[PDB]
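Source file: model21.txt (compact mmCIF, C-alpha atoms)
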```txt
# COMPACT_ATOMS: atom_id res chain seq x y z
CA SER A 12 -14.63 6.77 19.76
CA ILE A 13 -16.37 10.02 18.79
CA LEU A 14 -13.41 10.36 16.48
CA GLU A 15 -14.05 6.89 15.03
CA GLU A 16 -17.78 7.55 14.66
CA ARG A 17 -17.19 10.80 12.81
CA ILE A 18 -14.49 9.04 10.75
CA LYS A 19 -17.05 6.41 9.76
CA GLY A 20 -19.44 9.17 8.81
CA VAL A 21 -17.03 11.19 6.64
CA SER A 22 -15.68 8.15 4.81
CA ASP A 23 -16.63 7.92 1.14
CA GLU A 24 -18.31 4.51 1.53
CA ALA A 25 -17.73 3.14 -1.98
CA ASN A 26 -15.95 -0.16 -2.57
CA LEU A 27 -14.40 0.96 -5.89
CA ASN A 28 -13.43 -2.60 -6.77
CA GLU A 29 -14.93 -3.25 -10.15
CA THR A 30 -16.17 0.36 -10.42
CA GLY A 31 -14.49 3.73 -9.97
CA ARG A 32 -15.14 7.44 -10.04
CA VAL A 33 -13.75 9.90 -12.62
CA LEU A 34 -11.29 12.60 -11.55
CA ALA A 35 -9.84 13.80 -14.81
CA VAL A 36 -11.38 14.08 -18.18
CA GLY A 37 -10.65 16.02 -21.27
CA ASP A 38 -9.61 15.21 -24.82
CA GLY A 39 -11.66 11.99 -24.95
CA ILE A 40 -9.14 10.65 -22.47
CA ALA A 41 -9.75 10.35 -18.75
CA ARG A 42 -8.27 9.05 -15.57
CA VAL A 43 -10.50 7.41 -13.07
CA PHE A 44 -9.74 6.36 -9.54
CA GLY A 45 -10.96 2.90 -8.62
CA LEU A 46 -11.57 -0.10 -10.86
CA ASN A 47 -9.19 -2.12 -8.73
CA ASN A 48 -10.27 -5.40 -10.19
CA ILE A 49 -10.38 -4.59 -13.86
CA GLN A 50 -9.35 -6.61 -16.90
CA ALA A 51 -6.87 -5.03 -19.29
CA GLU A 52 -8.02 -4.03 -22.77
CA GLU A 53 -11.47 -4.17 -21.24
CA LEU A 54 -14.24 -1.88 -22.33
CA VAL A 55 -15.49 0.28 -19.51
CA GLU A 56 -18.93 1.87 -19.62
CA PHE A 57 -18.86 5.44 -18.30
CA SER A 58 -22.07 6.39 -16.54
CA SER A 59 -22.56 9.16 -19.12
CA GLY A 60 -22.96 6.29 -21.57
CA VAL A 61 -19.55 6.61 -23.12
CA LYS A 62 -17.43 3.54 -23.58
CA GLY A 63 -13.71 3.68 -23.36
CA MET A 64 -11.23 0.85 -23.60
CA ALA A 65 -8.47 0.87 -20.95
CA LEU A 66 -4.79 0.90 -21.90
CA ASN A 67 -3.13 2.21 -18.78
CA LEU A 68 -3.66 0.67 -15.42
CA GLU A 69 -1.63 2.66 -12.97
CA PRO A 70 -1.76 2.11 -9.21
CA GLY A 71 -5.24 3.26 -8.24
CA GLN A 72 -5.93 5.10 -11.45
CA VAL A 73 -7.03 3.56 -14.67
CA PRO B 7 17.57 26.83 11.40
CA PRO B 8 17.63 23.02 11.94
CA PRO B 9 20.91 21.64 13.31
CA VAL B 10 20.73 18.87 10.71
CA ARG B 11 19.35 18.65 7.20
CA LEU B 12 17.54 15.53 6.02
CA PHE B 13 17.71 17.10 2.55
CA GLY B 14 13.94 17.49 2.55
CA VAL B 15 11.86 14.93 0.66
CA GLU B 16 8.89 15.84 2.83
CA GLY B 17 11.55 16.48 5.42
CA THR B 18 11.07 20.06 4.24
CA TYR B 19 7.80 19.95 6.23
CA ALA B 20 9.63 18.45 9.19
CA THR B 21 12.35 21.12 9.03
CA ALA B 22 9.88 24.02 8.87
CA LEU B 23 7.87 22.49 11.66
CA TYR B 24 11.04 21.80 13.58
CA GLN B 25 12.32 25.36 13.71
CA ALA B 26 8.86 26.82 14.30
CA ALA B 27 8.06 24.46 17.10
CA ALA B 28 11.62 24.62 18.41
CA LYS B 29 11.21 28.32 19.06
CA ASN B 30 7.82 27.45 20.49
CA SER B 31 9.80 24.73 22.36
CA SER B 32 6.92 22.30 21.97
CA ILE B 33 8.44 19.53 19.89
CA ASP B 34 8.36 16.71 22.47
CA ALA B 35 4.69 17.43 23.16
CA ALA B 36 3.93 17.69 19.48
CA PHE B 37 5.72 14.46 18.67
CA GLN B 38 4.10 12.47 21.45
CA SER B 39 0.63 13.82 20.69
CA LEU B 40 1.24 13.32 17.00
CA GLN B 41 2.17 9.71 17.69
CA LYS B 42 -0.84 9.29 19.93
CA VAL B 43 -3.43 10.73 17.58
CA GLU B 44 -1.80 8.76 14.77
CA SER B 45 -2.04 5.49 16.64
CA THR B 46 -5.78 5.82 17.15
CA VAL B 47 -6.31 7.32 13.65
CA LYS B 48 -4.48 4.38 12.08
CA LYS B 49 -6.59 2.13 14.24
CA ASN B 50 -9.68 3.74 12.75
CA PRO B 51 -9.70 1.39 9.71
CA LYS B 52 -11.54 3.75 7.40
CA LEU B 53 -9.15 6.65 7.14
CA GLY B 54 -6.34 4.64 8.62
CA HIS B 55 -6.12 2.88 5.30
CA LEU B 56 -8.09 5.36 3.24
CA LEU B 57 -6.14 8.20 4.85
CA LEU B 58 -3.18 6.85 2.94
CA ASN B 59 -5.43 6.44 -0.13
CA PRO B 60 -5.82 9.63 -2.15
CA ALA B 61 -9.53 8.95 -2.77
CA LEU B 62 -10.40 12.00 -0.71
CA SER B 63 -10.88 15.39 -2.30
CA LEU B 64 -9.82 18.78 -1.04
CA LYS B 65 -13.19 19.25 0.61
CA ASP B 66 -13.41 15.69 1.87
CA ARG B 67 -9.90 15.98 3.34
CA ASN B 68 -10.74 19.14 5.26
CA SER B 69 -13.64 17.26 6.84
CA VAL B 70 -11.19 14.48 7.77
CA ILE B 71 -9.06 17.06 9.64
CA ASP B 72 -12.12 18.20 11.55
CA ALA B 73 -12.57 14.58 12.69
CA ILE B 74 -8.86 14.40 13.53
CA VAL B 75 -8.97 17.51 15.72
CA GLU B 76 -11.91 15.92 17.51
CA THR B 77 -9.56 12.98 18.27
CA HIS B 78 -7.20 15.08 20.38
CA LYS B 79 -6.67 18.71 21.05
CA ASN B 80 -3.63 20.84 21.77
CA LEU B 81 -0.05 19.65 22.24
CA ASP B 82 1.50 22.10 19.80
CA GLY B 83 -0.97 24.04 17.67
CA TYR B 84 1.65 24.36 14.96
CA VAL B 85 1.17 20.67 14.18
CA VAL B 86 -2.57 21.36 14.21
CA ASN B 87 -1.98 24.09 11.68
CA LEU B 88 0.17 21.50 9.90
CA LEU B 89 -2.84 19.12 9.71
CA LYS B 90 -4.79 21.77 7.86
CA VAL B 91 -1.81 22.45 5.59
CA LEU B 92 -1.37 18.77 4.82
CA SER B 93 -5.06 18.30 3.94
CA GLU B 94 -4.88 21.39 1.75
CA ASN B 95 -1.69 20.08 0.15
CA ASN B 96 -3.75 16.91 -0.21
CA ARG B 97 -0.97 14.74 1.15
CA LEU B 98 -1.91 12.71 4.17
CA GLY B 99 -0.18 9.48 3.10
CA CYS B 100 3.26 11.00 3.55
CA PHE B 101 2.01 12.21 6.88
CA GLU B 102 3.67 9.39 8.75
CA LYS B 103 6.64 10.14 6.49
CA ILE B 104 6.79 13.58 8.06
CA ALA B 105 6.14 12.06 11.51
CA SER B 106 9.16 9.81 11.23
CA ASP B 107 11.32 12.71 10.05
CA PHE B 108 10.08 15.04 12.78
CA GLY B 109 10.99 12.39 15.33
CA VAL B 110 14.51 12.26 13.93
CA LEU B 111 14.81 16.06 14.04
CA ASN B 112 13.31 16.18 17.51
CA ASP B 113 15.67 13.54 18.86
CA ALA B 114 18.53 15.17 16.94
CA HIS B 115 17.85 18.35 18.89
CA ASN B 116 17.88 16.21 22.01
CA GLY B 117 21.08 14.75 20.56
CA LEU B 118 20.29 11.11 20.26
CA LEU B 119 21.47 8.68 17.66
CA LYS B 120 19.68 5.51 16.75
CA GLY B 121 21.83 2.54 15.83
CA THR B 122 20.85 -1.00 15.03
CA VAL B 123 22.33 -4.44 15.47
CA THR B 124 20.70 -6.22 12.58
CA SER B 125 21.36 -9.87 13.24
CA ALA B 126 19.83 -13.21 12.31
CA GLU B 127 18.85 -14.00 15.89
CA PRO B 128 17.97 -12.11 19.07
CA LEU B 129 21.29 -11.76 20.85
CA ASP B 130 22.35 -11.99 24.49
CA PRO B 131 21.66 -9.11 26.88
CA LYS B 132 25.41 -9.28 27.44
CA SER B 133 25.90 -8.74 23.70
CA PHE B 134 23.44 -5.82 23.65
CA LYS B 135 25.20 -4.06 26.50
CA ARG B 136 28.69 -4.82 25.24
CA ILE B 137 27.91 -3.37 21.82
CA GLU B 138 26.21 -0.33 23.39
CA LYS B 139 29.27 0.12 25.59
CA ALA B 140 31.61 -0.42 22.65
CA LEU B 141 29.85 2.22 20.57
CA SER B 142 30.07 4.79 23.38
CA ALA B 143 33.72 3.81 23.96
CA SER B 144 34.38 4.57 20.32
CA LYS B 145 34.24 8.23 19.36
CA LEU B 146 31.58 7.14 16.83
CA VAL B 147 29.02 7.77 19.51
CA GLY B 148 30.23 11.09 20.77
CA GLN B 149 28.96 12.59 23.97
CA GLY B 150 25.62 14.39 24.11
CA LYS B 151 24.65 12.21 21.21
CA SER B 152 22.88 9.43 22.99
CA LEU B 153 22.39 5.85 21.85
CA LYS B 154 19.23 3.90 21.27
CA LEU B 155 20.61 0.62 20.00
CA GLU B 156 18.00 -1.74 18.62
CA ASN B 157 18.97 -5.27 17.77
CA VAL B 158 16.76 -6.57 15.06
CA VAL B 159 16.34 -10.10 13.84
CA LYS B 160 16.24 -10.45 10.05
CA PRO B 161 15.94 -13.88 8.34
CA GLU B 162 17.48 -12.63 5.07
CA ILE B 163 20.80 -12.34 6.87
CA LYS B 164 21.87 -15.87 7.63
CA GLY B 165 24.04 -15.81 10.70
CA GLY B 166 26.30 -13.12 12.09
CA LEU B 167 25.50 -9.45 12.47
CA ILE B 168 26.03 -5.96 11.20
CA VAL B 169 26.22 -3.06 13.56
CA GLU B 170 25.31 0.21 11.95
CA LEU B 171 25.38 3.72 13.28
CA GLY B 172 27.04 6.89 12.08
CA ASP B 173 26.60 5.68 8.47
CA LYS B 174 29.53 3.46 9.25
CA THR B 175 28.85 -0.16 9.59
CA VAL B 176 31.06 -3.00 10.53
CA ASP B 177 29.55 -6.06 9.04
CA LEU B 178 30.86 -9.18 10.57
CA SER B 179 28.15 -11.44 9.37
CA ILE B 180 28.61 -14.94 8.09
CA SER B 181 26.43 -14.29 5.05
CA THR B 182 28.86 -11.64 3.68
CA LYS B 183 31.99 -13.70 4.51
CA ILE B 184 30.38 -16.68 2.81
CA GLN B 185 29.63 -14.52 -0.25
CA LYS B 186 33.30 -13.73 -0.82
CA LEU B 187 34.42 -17.29 0.04
CA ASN B 188 31.90 -18.88 -2.35
CA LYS B 189 32.83 -16.48 -5.13
CA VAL B 190 36.57 -17.23 -5.03
CA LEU B 191 35.77 -20.98 -4.95
CA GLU B 192 33.65 -20.61 -8.06
CA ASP B 193 36.21 -18.36 -9.76
CA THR C 7 -25.97 29.02 -11.55
CA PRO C 8 -24.55 28.04 -8.13
CA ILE C 9 -21.51 27.00 -10.20
CA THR C 10 -19.29 29.93 -9.31
CA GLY C 11 -15.57 29.96 -9.03
CA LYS C 12 -12.68 32.31 -8.88
CA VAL C 13 -9.83 32.52 -11.37
CA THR C 14 -6.92 30.58 -9.95
CA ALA C 15 -4.55 31.18 -12.81
CA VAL C 16 -4.30 33.12 -16.01
CA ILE C 17 -1.52 31.49 -17.94
CA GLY C 18 -1.94 32.98 -21.39
CA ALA C 19 -5.47 32.94 -22.80
CA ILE C 20 -5.88 29.55 -21.12
CA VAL C 21 -7.36 30.59 -17.81
CA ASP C 22 -8.00 28.16 -14.96
CA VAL C 23 -10.99 28.60 -12.73
CA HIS C 24 -11.62 26.94 -9.41
CA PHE C 25 -15.28 26.37 -8.86
CA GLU C 26 -16.24 26.46 -5.24
CA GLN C 27 -18.72 23.61 -5.62
CA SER C 28 -18.60 20.02 -6.76
CA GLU C 29 -21.20 20.99 -9.32
CA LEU C 30 -18.95 21.56 -12.29
CA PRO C 31 -19.44 22.58 -15.93
CA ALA C 32 -18.80 19.96 -18.62
CA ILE C 33 -16.35 19.98 -21.49
CA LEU C 34 -17.38 22.47 -24.15
CA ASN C 35 -19.53 24.28 -21.60
CA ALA C 36 -19.17 28.02 -21.48
CA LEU C 37 -18.41 30.43 -18.72
CA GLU C 38 -18.85 34.14 -18.41
CA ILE C 39 -16.32 35.87 -16.25
CA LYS C 40 -17.54 39.29 -15.30
CA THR C 41 -14.70 41.74 -15.63
CA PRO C 42 -14.37 45.50 -16.34
CA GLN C 43 -13.78 44.29 -19.91
CA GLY C 44 -17.46 43.31 -19.79
CA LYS C 45 -18.18 39.61 -19.93
CA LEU C 46 -15.38 37.42 -21.22
CA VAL C 47 -16.64 34.19 -22.70
CA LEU C 48 -14.49 31.14 -22.09
CA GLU C 49 -15.03 27.48 -22.90
CA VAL C 50 -14.11 24.68 -20.48
CA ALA C 51 -11.77 22.29 -22.26
CA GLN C 52 -10.19 20.17 -19.57
CA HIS C 53 -11.21 19.38 -16.09
CA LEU C 54 -7.97 19.28 -14.16
CA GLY C 55 -10.08 17.94 -11.30
CA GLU C 56 -10.69 19.01 -7.71
CA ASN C 57 -13.14 21.50 -9.18
CA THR C 58 -10.38 23.21 -11.13
CA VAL C 59 -10.96 23.30 -14.85
CA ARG C 60 -8.62 24.61 -17.49
CA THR C 61 -10.53 26.70 -19.94
CA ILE C 62 -9.79 28.02 -23.39
CA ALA C 63 -10.55 31.71 -23.41
CA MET C 64 -12.40 32.74 -26.50
CA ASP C 65 -12.35 36.41 -25.53
CA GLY C 66 -8.96 38.05 -25.08
CA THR C 67 -7.12 38.10 -21.76
CA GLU C 68 -5.12 40.82 -19.99
CA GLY C 69 -5.53 42.94 -16.87
CA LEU C 70 -7.12 39.97 -15.15
CA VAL C 71 -6.82 39.96 -11.39
CA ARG C 72 -6.47 36.50 -9.93
CA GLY C 73 -9.47 35.38 -7.95
CA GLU C 74 -12.12 36.91 -10.14
CA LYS C 75 -15.60 35.43 -9.94
CA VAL C 76 -16.85 33.07 -12.60
CA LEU C 77 -20.34 31.98 -13.46
CA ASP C 78 -21.12 28.95 -15.59
CA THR C 79 -23.29 29.84 -18.58
CA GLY C 80 -23.19 26.22 -19.86
CA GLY C 81 -22.80 24.44 -23.21
CA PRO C 82 -21.25 25.82 -26.36
CA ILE C 83 -22.52 29.42 -26.54
CA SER C 84 -25.44 30.06 -28.79
CA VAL C 85 -25.15 32.99 -31.11
CA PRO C 86 -28.29 34.58 -32.59
CA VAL C 87 -28.92 33.81 -36.20
CA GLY C 88 -31.48 34.52 -38.86
CA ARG C 89 -31.36 35.80 -42.37
CA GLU C 90 -30.45 38.91 -40.41
CA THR C 91 -27.00 37.41 -40.06
CA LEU C 92 -26.83 38.34 -43.74
CA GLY C 93 -25.39 41.83 -44.11
CA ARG C 94 -23.64 41.64 -40.78
CA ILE C 95 -19.98 41.18 -40.11
CA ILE C 96 -19.76 39.57 -36.74
CA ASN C 97 -17.12 39.31 -34.09
CA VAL C 98 -16.51 36.06 -32.18
CA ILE C 99 -19.25 36.95 -29.67
CA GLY C 100 -21.61 37.28 -32.63
CA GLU C 101 -22.01 41.02 -32.40
CA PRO C 102 -22.26 43.08 -35.61
CA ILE C 103 -18.91 44.87 -35.93
CA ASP C 104 -20.23 46.47 -39.06
CA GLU C 105 -22.47 47.87 -36.31
CA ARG C 106 -25.94 47.47 -37.68
CA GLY C 107 -26.63 46.50 -34.05
CA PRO C 108 -27.88 43.13 -32.69
CA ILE C 109 -28.88 40.23 -34.98
CA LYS C 110 -32.53 39.27 -34.94
CA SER C 111 -32.56 35.87 -33.34
CA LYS C 112 -34.71 33.18 -34.83
CA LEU C 113 -32.65 30.16 -33.94
CA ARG C 114 -29.70 30.52 -31.65
CA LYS C 115 -27.34 27.66 -32.19
CA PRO C 116 -24.42 26.31 -30.10
CA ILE C 117 -20.97 27.15 -31.55
CA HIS C 118 -19.84 23.54 -31.25
CA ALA C 119 -22.12 21.18 -33.11
CA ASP C 120 -21.79 17.54 -34.09
```
Please express the file's structure as structure tokens.
Amino acid sequence: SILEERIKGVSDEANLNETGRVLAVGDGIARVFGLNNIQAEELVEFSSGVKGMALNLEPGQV
Amino acid sequence: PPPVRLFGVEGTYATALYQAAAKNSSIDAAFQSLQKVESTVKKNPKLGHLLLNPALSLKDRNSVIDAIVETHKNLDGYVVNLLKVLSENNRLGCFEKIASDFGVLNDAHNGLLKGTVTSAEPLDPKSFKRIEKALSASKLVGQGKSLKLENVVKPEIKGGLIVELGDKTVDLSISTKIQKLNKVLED
Amino acid sequence: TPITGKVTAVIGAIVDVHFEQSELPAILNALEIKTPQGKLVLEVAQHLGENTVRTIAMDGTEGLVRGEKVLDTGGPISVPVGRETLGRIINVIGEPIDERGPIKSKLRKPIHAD
């Protein structure tokens, strides 16, 4: 109720299918969480205008 | 220390909790409340799916706990201190893992065994009782170690049944008998 | 900067900081950890995530108490240069260790460049 309302409020609210948010990064290599529907060997455009191809798809983290 | 070891595997949480809450003698309360807050948390779809998901941060997780402690209060504050610990440890997917384990420890302290009558069909009430009786009659279910016997229906097993409890099983199923019969008539 | 942190670990001269905000440095940004050894200048090299970087320490490490405040000084540090770099022997910081005293800045340039 009040629990559910506050739960709705504190939820991230990002679909993360076809997009995903970075969570590690260093060495010109990164690991992002999201991108659930993503093609393999695809080119992914980082919002800092970097492009990176994707070689590891791991559950949840590309 | 715990009367039984589950050899950790996030049972280390359960163990620690168990002895702490055992001396606080508030394990039944904890377990029930833990179940109860879990049922309505799980039935909050965001953070009943995403709670499992590790999308959440450290900081975002802490804010999840604050929502969780709005969902119920009290009923062992050691499991409330556990919620904080689990958010901090950033594991909240193997939260129900710990819940299951804690239940086993709790009911182990109570001295209760859980058995199963995996079967391919839901059996007679006569069968249920007779097996429950049989298990108590055997030393396999010793005294003070109670029995919850749950017959389950599994399609994978084709006919017959396997009774399991005490890590000793007697499998008088047709599927297994058929396996050996088939094999020798193909060899 | 409101990008402040504490030093979670000091494993060798590869310190780890835990910033207390979700405003983070970037890779090849620079941090000044205020210590009784003066400032120590470190360079963020990895983000190990959850606002915990792993930083190469470009000034020597020892006697560091865990949980020591950090401040983010950003980018690759910019030394002070001129033709007054000529006739100066400089330490890593860029300070004349032939001790003619501070270099007259003209252009100060980031240590990492493309």
| field | Test item: residues at most 9 Å from residue 75 in chain C, only C-alpha atoms, excluding those fewer than 6 positions along its chain, as a PyMOL selection string | value | chain C and resi 10-13+23+39-41
| task | Between A:14, A:66, A:58, A:20, single out the one closest to residue 40 in chain A, counting all atoms listed in the file. | result | A:66
| Computed interatomic separation between CA of residue 50 in chain B and CA of residue 120 in chain B (Å) |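 For CA of residue 50 in chain B relative to CA of residue 120 in chain B, the distance reads 29.7 Å.
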Mind running chain C against chain A at 10 Å and telling me each contacting residue's nearest atom pair with the distance in Å (one decimal), counting all atoms listed in the file, chain and number ascending, as a tab-separated table?
```
residue	atom	partner	partner_atom	distance
C:32	CA	A:37	CA	9.4
C:33	CA	A:37	CA	6.9
C:34	CA	A:37	CA	9.8
C:50	CA	A:37	CA	9.4
C:51	CA	A:37	CA	6.4
C:52	CA	A:37	CA	4.5
C:53	CA	A:36	CA	5.7
C:54	CA	A:35	CA	5.8
C:55	CA	A:35	CA	5.4
C:56	CA	A:34	CA	7.5
C:57	CA	A:34	CA	9.4
C:59	CA	A:35	CA	9.6
C:60	CA	A:37	CA	9.6
```
| said: With distances taken over only C-alpha atoms, which residue among A:17, A:31, A:70, A:12 lies nearest residue 55 in chain A? | reply: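 Of the candidates, the smallest distance to residue 55 in chain A is held by A:31.
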| task | Compute the set of chain A residues within 8 Å of chain B, using only C-alpha atoms, and express it as a PyMOL selection string. | result | chain A and resi 13-15+17-19+21-23+44
| Residues near residue 119 in chain C, cut-off 12 Å, all atoms listed in the file, skip fewer than 5 positions along chain, as a ChimeraX atom specification | /C:34,81-84
| request: Enumerate, as number ranges by chain, the protein, DNA and RNA residues whose atoms approach (0.4, 15.4, 11.3) to within 7 Å, taking into account all atoms listed in the file and the coordinate frame of the file. | output: B: 40, 85, 88-89, 101, 105
Range 104-130 of chain B near range 143-162 of chain B within 9 Å: what's each residue's closest atom pair and its distance in Å to one decimal, counting only C-alpha atoms, ordered by chain then ascending residue number, as JSON lines?
```
{"residue": "B:114", "atom": "CA", "partner": "B:151", "partner_atom": "CA", "distance": 8.0}
{"residue": "B:116", "atom": "CA", "partner": "B:151", "partner_atom": "CA", "distance": 7.9}
{"residue": "B:117", "atom": "CA", "partner": "B:151", "partner_atom": "CA", "distance": 4.4}
{"residue": "B:118", "atom": "CA", "partner": "B:152", "partner_atom": "CA", "distance": 4.1}
{"residue": "B:119", "atom": "CA", "partner": "B:153", "partner_atom": "CA", "distance": 5.1}
{"residue": "B:120", "atom": "CA", "partner": "B:154", "partner_atom": "CA", "distance": 4.8}
{"residue": "B:121", "atom": "CA", "partner": "B:155", "partner_atom": "CA", "distance": 4.8}
{"residue": "B:122", "atom": "CA", "partner": "B:156", "partner_atom": "CA", "distance": 4.6}
{"residue": "B:123", "atom": "CA", "partner": "B:157", "partner_atom": "CA", "distance": 4.2}
{"residue": "B:124", "atom": "CA", "partner": "B:158", "partner_atom": "CA", "distance": 4.7}
{"residue": "B:125", "atom": "CA", "partner": "B:159", "partner_atom": "CA", "distance": 5.1}
{"residue": "B:126", "atom": "CA", "partner": "B:159", "partner_atom": "CA", "distance": 4.9}
{"residue": "B:127", "atom": "CA", "partner": "B:159", "partner_atom": "CA", "distance": 5.1}
{"residue": "B:128", "atom": "CA", "partner": "B:159", "partner_atom": "CA", "distance": 5.8}
{"residue": "B:129", "atom": "CA", "partner": "B:157", "partner_atom": "CA", "distance": 7.5}
```
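When all atoms listed in the file are used to compute distances to chain B, the closest of the residues C:27, C:20, C:43, C:109 turns out to be C:27.
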| task | Just give me the gap between CA of residue 37 in chain C and CA of residue 65 in chain B in Å, one decimal is fine. | result | 22.9 Å
| Can you list, as a PyMOL selection string, every protein, DNA or RNA residue that comes within 12 Å of residue 102 in chain C when you count only C-alpha atoms, leaving out same-chain residues fewer than 2 positions away? | chain C and resi 85-87+90-100+104-110
